[PDB]
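Colleague: Residue numbers (this note's numbering), protein chains in the order written: chain A, 47 to 259; chain B, 15 to 194; chain C, 665 to 890; chain D, 26 to 614.
Positions of the beta carbon are idealized from the N, C-alpha and C atoms, including for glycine.
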Amino acid sequence: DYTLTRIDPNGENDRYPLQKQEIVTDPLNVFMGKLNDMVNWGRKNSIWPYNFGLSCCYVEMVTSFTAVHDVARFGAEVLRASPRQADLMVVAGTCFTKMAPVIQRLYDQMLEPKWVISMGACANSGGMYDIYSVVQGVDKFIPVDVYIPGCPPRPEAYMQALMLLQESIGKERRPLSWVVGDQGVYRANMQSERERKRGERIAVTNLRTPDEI
Amino acid sequence: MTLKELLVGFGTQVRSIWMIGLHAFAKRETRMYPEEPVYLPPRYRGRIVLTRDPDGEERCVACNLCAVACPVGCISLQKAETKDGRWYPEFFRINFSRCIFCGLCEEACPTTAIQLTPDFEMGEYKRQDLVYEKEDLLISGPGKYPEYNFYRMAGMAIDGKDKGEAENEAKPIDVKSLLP
Amino acid sequence: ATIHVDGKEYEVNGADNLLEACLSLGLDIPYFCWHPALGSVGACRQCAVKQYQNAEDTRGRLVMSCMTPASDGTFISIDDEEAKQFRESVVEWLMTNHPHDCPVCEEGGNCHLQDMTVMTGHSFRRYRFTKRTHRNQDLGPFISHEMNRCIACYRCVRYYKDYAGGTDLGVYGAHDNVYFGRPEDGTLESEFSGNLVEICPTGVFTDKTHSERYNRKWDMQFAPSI
Amino acid sequence: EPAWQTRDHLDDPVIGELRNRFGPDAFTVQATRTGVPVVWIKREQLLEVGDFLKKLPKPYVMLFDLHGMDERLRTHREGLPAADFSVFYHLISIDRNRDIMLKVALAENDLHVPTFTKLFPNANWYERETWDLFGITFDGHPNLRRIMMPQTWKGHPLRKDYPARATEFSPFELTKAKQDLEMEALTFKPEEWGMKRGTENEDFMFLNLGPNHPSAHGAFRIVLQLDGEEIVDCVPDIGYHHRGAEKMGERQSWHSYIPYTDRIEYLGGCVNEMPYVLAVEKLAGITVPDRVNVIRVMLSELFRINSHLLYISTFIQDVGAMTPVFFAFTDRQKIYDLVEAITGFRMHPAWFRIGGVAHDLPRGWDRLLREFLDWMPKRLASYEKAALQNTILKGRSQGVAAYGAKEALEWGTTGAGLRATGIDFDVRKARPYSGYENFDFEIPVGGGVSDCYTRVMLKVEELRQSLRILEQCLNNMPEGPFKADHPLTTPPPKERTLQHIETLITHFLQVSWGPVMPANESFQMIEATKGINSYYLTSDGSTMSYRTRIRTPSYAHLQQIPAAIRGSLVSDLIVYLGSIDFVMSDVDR
Ligand SMILES: CCCCCCCCCCC1=C(C)C(=O)C(OC)=C(OC)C1=O
Ligand SMILES: CCCCCCCCCCC1=C(C)C(=O)C(OC)=C(OC)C1=O
Ligand code: SF4
Ligand code: SF4
Ligand code: SF4
Ligand code: SF4
Ligand code: SF4
Ligand code: FES
């Protein structure tokens, strides 16, 4: 129930993303597994976002940064302006055609480990802007870990996607050292939130009438 | 610079430091997500559902008004008919990776079947799983509009509702009747 | 022939009536019972325009453009206040008994009655009483029948009898209980009965073959073919 | 007589002056619903007409807009000169409080107009945009290159034959060769701009400020030529935030374009919604009642306070103090609580409709409005006394990137900058829309110098006046309908739709095919949160817009940027960027 990705920019592959993904089993060792759990906990409980913004979704993201929401409680407030110091790219805005090379460059300039959260309908699929100058989804050329529907998603939805990213990180397998062991990245094939919440979503019967407040 | 300007600036820095200290002695304004639930207004435009009539049947008549009123084009459906003659959606899919949660489909629904519920936690790992189907949209209740049924107004005969049994409808008078 | 529509001079054919002459020029007059192939009968009373005999005339007279010839020297007004109120009133009278059926109607989005209700600008209902209802007949595998949506414009019977030569469709009934169909249930055995779904301005006669797998007109991808 | 009537505008003295100057057979006058005299003039006399308007006793000193229009598909052109393309120039005289719109007709093969940059220096970006999107060449233009599209783009996107959707073209395939080609295209070439990349003593430093910069308020880049820390010249490179919203206006119905109007200036919301729905109501002939006007004024002033709070907090953050942004966004959350209660959404409400609003006010909105009006002024006074009266902030702000009224007028600067130059020109008072005459509020003006500090303090005073407007409208809200009784009110009221067949028919044909607005031209100019926002809508008589032209102030401000910061340091540029109140959806549209 895992997927393995190995990347190779210099290999024979012209289209982005320059990676290969297969479906494998969990490789996980009486102490290596515990140390992998400890580093996964340390990575998931300390995620530093990239100060990269495209459009209105970034405004709601920095609304989440402020005091009335306090995403700092999750340890995700540091907001580095450099790609090298950042661990998470939140594509929060429209993936414009003129900025897709810029987004690809900034994704290349981040360092391992890296995670991608697409925020909003523009970043997910292009959204309302099925237009000549908009890339229909940032996942056309970068691998996206978490998707957030919304236009804009409210800040608590951004923290919900951050918690989903933390749950994804906390059970993935990565190379502990770059000199010993396999260098491929193992990510879990988790159950989707739609089928998980279908039990509690279908059973909804009555809501408050729109004339109230 | 002038000495008075320097003194005024020193007092200004001291005053700013004092006010941020009194901010430290103030009350916290954070809403503690996710430990306390987020208050959402009753007409908040979040996750889209398909609702039912008070009789318990699905309120959608597959009239395709929401799909064409959608400025994004992220609603797809097909009309099917039961044996009695009532219309229903054979399928109903919404691409939530593409939807902008604008509420034009709810505004354009003439049966109040499609509604935007106060729900925002729809984060997903794969955007193929963001294509919600009819089994993920149809809920077991009326939603925000509790006592509206479109078929009580329609003049089309279905099960449990013969001709003339709708609201503001007279009984069908046959042309073979003896009355002038 | 030369006519004057709203003070504008137009050159029309004098052997045509005012409705087809004005519709040829691009002037929008509401109409139900007139068809280019069937002729003019003056039934629906929807095509009313105010006619003047002189260039200096204030009162005028509300006439039917489908029944009035486009002779030389006629001064008609389409968007006069009296004519617009009368056309809105005709739409309102047709709307008194019409069922609340547009979402569950195969003619929705392709409806002449919808277009003419919108064109006259009638969107407020002051009628508060009951609406008459009708039973439906089985017309065979091709044509679905829904008699409540009828506006009694007589296009179906005129086409089916005076044009197609059919013998099993007719008008029955009375004052406001007019029925349009067959004397019993059965298949319409005319070989041209399928044109009723386009002749009828309402959703009375509908394509049952299309009603099995129904989509609206805007959802259809069309092509010109043979 | 209603204000949406088609006025020929032959009573304007500017028309009489043009007749007495150029003769009675030199131009045509078009009768529109713009409220502005539309003069079709010949291409040969365009510069003479512009010079005559610039040399008037109360002259037209501002070029409000300059853009093209494809008239090849326009069926209803009665009373208009024959044209395959056209170029319109919208000009404002503040002294007369009047506008004029000059239109030049062009054939398909002879697509060249004389440049307007010598008369008005802000015409440069407008002419580059018209060349980029319509292919119209401007003779005598200094550097006519693409401004919205990358340099390796084939075709002009706003032409009628160009496909609007991305699904028409192949899906975006990013390969190594395409990445290299677009990176070479995006690389700044100083020899093209005449930057002269060197001196005998030392070498100039070419720095990309943006797209990925904390100081850049979006996806755009200023390329700085530097010596040490000083800025020699700037090339503000825009077009990175282009969503094709005007081509989208040609692609959506009149009702279904409202959410796209909401995202034009994403800190504006209902302020972005108002000019579009007002222009559509002018097209339809809808006069909204008093309650609709008061509700729309409520929501637009609430969003103006929201945008001003974000602007003030952003300016304080870029000056260096990182504390008040948290509290300002807490106040934004209070406003968002009220807006969520009313419209059902936070930041892009899309709540205005043609002829009214989407719903009535919910029961209990006045409680949240009273809560916000009690919460606000103490917080604002705290922000003032903590950061806006800081001598370090004053040193970073006062005297930085200063210009007078001449620079504000020649570059089309509107909003707080123009009033900070001492020119008292606000749309809510000069050309009152949406019943703003019923509200007692003041218009703050400056002393004649448009500093960073002056613009920020003017926006603080605008926030206080918006609080006054909110108090007045809370204390006096009418009890009437939230939608008009016009047949073209889209959509009709919901309960009548659910239980009447006429209303059901109107709703069915208005949400599916769209409302049919008759063929006319309409224009609405409003005071946005960042300046003056205008919608110019050409209807072909169909259910979709034939042309949707959106004029925004941030475009003019970013074009003004090199003329006001040249010779300064980069810190002055950072404060100038923080004190302009721009977003980049506003610029690129
Ligand atoms: C191995 C030790 C690692 C230490 C990592 C410390 C990270 C920085 C924490 C403090 C901090 C700084 C300096 C900082 O620069 C900053 O940005 C304004 C913060 O707020 C978001 C901070 O919280
Ligand atoms: C982390 C501590 C709180 C940060 C709050 C930031 C609020 C917004 C700052 C202004 C800004 C906006 C609006 C903005 O749109 C933008 O471009 C993407 C910026 O650069 C990153 C900005 O700095
Ligand atoms: S999804 Fe909506 S809010 Fe987010 S960037 Fe796109 S238009 Fe803006
Ligand atoms: S909320 Fe708007 S974008 Fe989403 S499905 Fe409904 S109409 Fe379409
Ligand atoms: S508008 Fe309502 S009734 Fe019509 S197809 Fe959509 S959900 Fe069904
Ligand atoms: S016939 Fe036309 S007006 Fe009547 S219910 Fe059908 S679509 Fe509506
Ligand atoms: S059934 Fe149709 S064609 Fe016949 S009279 Fe009625 S509305 Fe007219
Ligand atoms: S069209 Fe003339 S009365 Fe019917």
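Could you tell me which of A:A167, A:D133, A:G196, A:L81 sits nearest to A:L152, measuring between CA atoms?
Modeller: The shortest C-alpha separation from A:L152 is found at A:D133.
Colleague: Quick check: the Cα distance between C:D721 and C:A734, rounded to an integer number of angstroms?
Modeller: Rounded to the nearest angstrom, the two C-alpha atoms are 18 Å apart.
Colleague: Just to confirm my understanding: we take D:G437, look at its own chain, exclude 5 residues before and 5 after, and list those with CB closer than 7 Å. What are they?
Modeller: If we look at D:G437 and ignore the five residues flanking it on each side, its Cβ neighbours are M87, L88, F89, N147, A581.
Colleague: Between C:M780 and C:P694, which are expected to be in contact by the criterion C-beta below 8 Å, what is the C-beta distance as a whole number of angstroms?
Modeller: Yes, C:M780 and C:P694 are in contact; Cβ-Cβ is about 5 Å, under 8 Å.
Colleague: Under 6 Å Cβ to Cβ from D:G460, same chain only, skipping five residues before and after it: list those, please.
Modeller: Excluding sequence neighbours, D:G460 sits near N318.
Colleague: Applying the criterion that 16 or more other CB atoms from any shown protein chain within 10 Å of the CB defines a buried residue, is D:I599 buried or exposed?
Modeller: Result: buried.
Colleague: Report the three-state DSSP secondary structure of D:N149 (helix, strand or coil).
Modeller: DSSP places D:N149 in helix when its eight states are reduced to three.
Colleague: For D:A375, write down the residues that DSSP places opposite it in a beta bridge.
Modeller: Bridge partners of D:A375: none, in fact.
Colleague: Taking the beta strand (DSSP E) that D:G269 falls in, what are its first and last residues?
Modeller: Careful: D:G269 lies outside any beta strand (DSSP E) and carries neither H nor E.
Colleague: My understanding is that D:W279 touches D:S570, with C-beta atoms under 8 Å, so please give their C-beta distance in whole angstroms.
Modeller: Correct: roughly 7 Å between the Cβ atoms.
Colleague: By the 10 Å Cβ neighbour count, where 16 or more other Cβ atoms means buried, how is A:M205 classified, buried or exposed?
Modeller: A:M205 is buried by the Cβ-count criterion.
Colleague: Give a single yes or no on whether A:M145 has its beta carbon closer than 8 Å to a heavy atom of ligand 8.
Modeller: Checking every heavy atom of ligand 8 against the Cβ of A:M145, none is found closer than 8 Å.
Colleague: If you draw a straight line from the alpha carbon of B:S191 to that of C:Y836, how long is it in whole angstroms?
Modeller: Spanning the two alpha carbons is a distance of roughly 12 Å.
Colleague: Would D:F159 and D:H181 qualify as a contact pair, given that the criterion is a beta-carbon distance under 9 Å?
Modeller: Contact: yes.
Colleague: Pairing CB atoms from the region 27-36 of chain D with CB atoms from the region 76-95 of chain B, are three or more of them under 8 Å?
Modeller: At 8 Å Cβ cutoff, the stretches do not touch.
Colleague: When you compare the region 809-817 of chain C with the region 36-51 of chain D, are there three or more beta-carbon pairs, one atom per stretch, that lie closer than 8 Å?
Modeller: No, they do not touch.
Colleague: What three-state label does DSSP hand D:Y571 in the structure shown?
Modeller: Strand at D:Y571.
Colleague: Is the number of C-beta pairs between the region 109-117 of chain B and the region 36-48 of chain B that are closer than 8 Å three or more?
Modeller: No, the region 109-117 of chain B is not in contact with the region 36-48 of chain B.
Colleague: What did DSSP end up calling B:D67 once you bin it into helix, strand or coil?
Modeller: Coil.
Colleague: Judging by CA-CA distance, which residue of D:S111, D:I341, D:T140 is the nearest neighbour of D:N134?
Modeller: It is D:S111.
Colleague: Which stretch, first to last residue, makes up the beta strand (DSSP E) that contains D:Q250?
Modeller: Its beta strand (DSSP E) spans residues 246-252.
Colleague: Figure out for me which residue from B:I128, B:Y159, B:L144 has the closest Cα to the Cα of B:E135.
Modeller: Minimum Cα distance to B:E135 is reached at B:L144.
Colleague: Residue ranges of each alpha helix (DSSP H) run of no fewer than 4 residues wholly in the region 147-179 of chain A, ordered along the chain?
Modeller: Runs of the alpha helix (DSSP H) inside the region 147-179 of chain A: 166-171.
Colleague: Nearest by alpha-carbon distance to C:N859: which of C:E675, C:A665, C:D680, C:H699 is it?
Modeller: Of C:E675, C:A665, C:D680, C:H699, the residue nearest in Cα terms is C:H699.
Colleague: Determine the contact status of B:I128 and B:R66, defining contact as a CB-CB distance below 9 Å.
Modeller: No. Outside cutoff.
Colleague: So, C:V705 versus C:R822, is the Cβ gap smaller than 9 Å?
Modeller: Closer than 9 Å, so yes.
Colleague: Compare the beta carbon distance of A:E213 and A:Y232 with 9 Å and say whether it is the shorter of the two.
Modeller: Not in contact: A:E213 and A:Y232 (Cβ atoms no closer than 9 Å).
Colleague: Excluding the five sequence neighbours on either side, which residues of its own chain have a C-beta within less than 7 Å of the C-beta of D:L443, listed in chain order?
Modeller: The residues are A433, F450.
Colleague: Do you know how far the Cα of B:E181 is from the Cα of D:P518?
Modeller: About 19 Å.
Colleague: Any residues in the region 766-783 of chain C with a beta carbon nearer than 9 Å to a beta carbon of chain D? Which ones, in chain order?
Modeller: Within the region 766-783 of chain C, the residues whose Cβ lies closer than 9 Å to some Cβ of chain D are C766, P767, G772, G773, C775, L777, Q778, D779, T781, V782, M783, listed in chain order.
Colleague: Taking the straight line between their C-alpha atoms, what separation do you get for D:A189 and C:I667?
Modeller: One C-alpha to the other measures close to 43 Å.
Colleague: C:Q885: buried (16+ other C-beta within 10 angstroms of its C-beta) or exposed?
Modeller: C:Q885 is exposed by the Cβ-count criterion.
Colleague: Do we get a CB-CB distance below 9 Å when we pair D:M208 with the residues of chain A?
Modeller: Yes, D:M208 counts as interfacial toward chain A.
Colleague: Cα separation between D:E290 and D:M273?
Modeller: Cα to Cα, the separation comes out at about 16 Å.
Colleague: Out of D:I247, D:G472, D:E207, state which residue places its alpha-carbon closest to the alpha-carbon of D:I256.
Modeller: When only C-alpha atoms are compared, the closest one is D:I247.
Colleague: When the cut-off is 9 Å and only beta carbons count, does B:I153 lie next to chain A?
Modeller: At least one chain A Cβ lies under 9 Å of B:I153.
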